[PDB]
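Next up: just one chain, as structure tokens, the form deposited in one PDB entry.
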């Protein structure tokens, strides 16, 4: 009702970004708003395009109902014979995944920025869980966490199974994913790197194994290392009932975040952008 319908011909300079499941994510410039945008457009040459339409409108309805500071903001729908899609704000600094694992482009990612990111992911998911009815994400991974021009988090949805809790091979799924993500953020390692076949991963996890917690994985200089290890281990407990709520997580995190002097967040970000611009 409030959601603009954007004609395809109003979208200029389309550049590919991703080929997600049903179709492509591209960057563009809106000709009248003069801002950059992202657009997710499904393929037109499918026999199952009838249901494709339905999926797109259901997705836009969701994103629109879920407006919030840490959820990717939707700007409109494209709905024409030649072109079907969702338009959102464009996040110039890509995904958390890239931030963590492109060590040539991002050789230092200061601790405060990392805790901010974890705090904001929690704020986002928590808001979804507090909607009426609750929205459950059920596909959290670092690929789905986007970062705006100041490296604030925008949660989205588009190596799969590592973020999945064993009992899904549920109100307690997102928090499992968030624990792995947390391990991932503090370590900058791929969970289960030295492990080829993902069936072996599902088995190991079935049996209670988790990413390794180590001097090698989580070095001893991590601020609040021990509070954070507790959070991770609660979060990915074999028993879903031992895993905490996101609200409990935020409460555990708030004092950790209060330790950082506010200027240090901006300093962490300015450093990153400076190094990124030189790669």
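Note that the rigid core is defined as the largest set of C-alphas that superpose within 1.5 Å between two forms. Residue numbers count along the first chain shown, from 1. Shifts are known only where both forms have a C-alpha.
Modelled in this chain, residue 47 is nonetheless unresolved in at least one third of the other entries of the protein that span it on both sides. Annotation: residue 270 does not belong to the positions left without coordinates in a third of the other compared entries; each one with flanking residues models it.
In this entry, residue 158 and residue 159 are separated by 10 or more residues of the deposited sequence that lack coordinates.
The deposited sequence places 4 to 9 unmodelled residues between residue 169 and residue 170. Set 143 to 151 against 80 to 88 and average the Cα temperature factors; 80 to 88 ends up higher. Between the stretches 213 to 221 and 55 to 63, it is 213 to 221 that shows the larger average CA temperature factor.
Residue 250: CA B factor in the middle third of modelled residues in this chain (values from the PDB entry). Sort the modelled residues of the chain by CA B factor and residue 29 lands in the middle third. Split the chain's modelled residues into thirds by C-alpha temperature factor. Residue 6 is in the middle one. The deposited CA B-factor of residue 194 belongs to the highest third of values across its chain. Among all modelled residues in this chain, the alpha-carbon of residue 229 has a temperature factor (C-alpha) in the highest third.
One more form of this protein exists, namely the form deposited in another entry; it is left out here, but the text below deals with it.
Only one entry in 247, 31, 226, 49 has its C-alpha moved by 2 angstroms or more between this form and the one not shown when the rigid core is superposed, and that entry is 49. A movement of the C-alpha atom of residue 19 reaching 2 angstroms or beyond is seen between this form and the one not shown when the two forms are aligned on their rigid core. Relative to this form, residue 59 and residue 23 separate from one another in the other form, with their C-alpha atoms ending up at least 3 Å farther apart. Shown here is a form in which the CA atoms of residue 102 and residue 22 lie at least 3 Å farther apart than they do in the other form. In a core-based superposition, a mobile segment is defined as at least three consecutive common residues whose CA atoms each shift by 2 Å or more; between this form and the one not shown, such segments span 18 to 23, 43 to 52.
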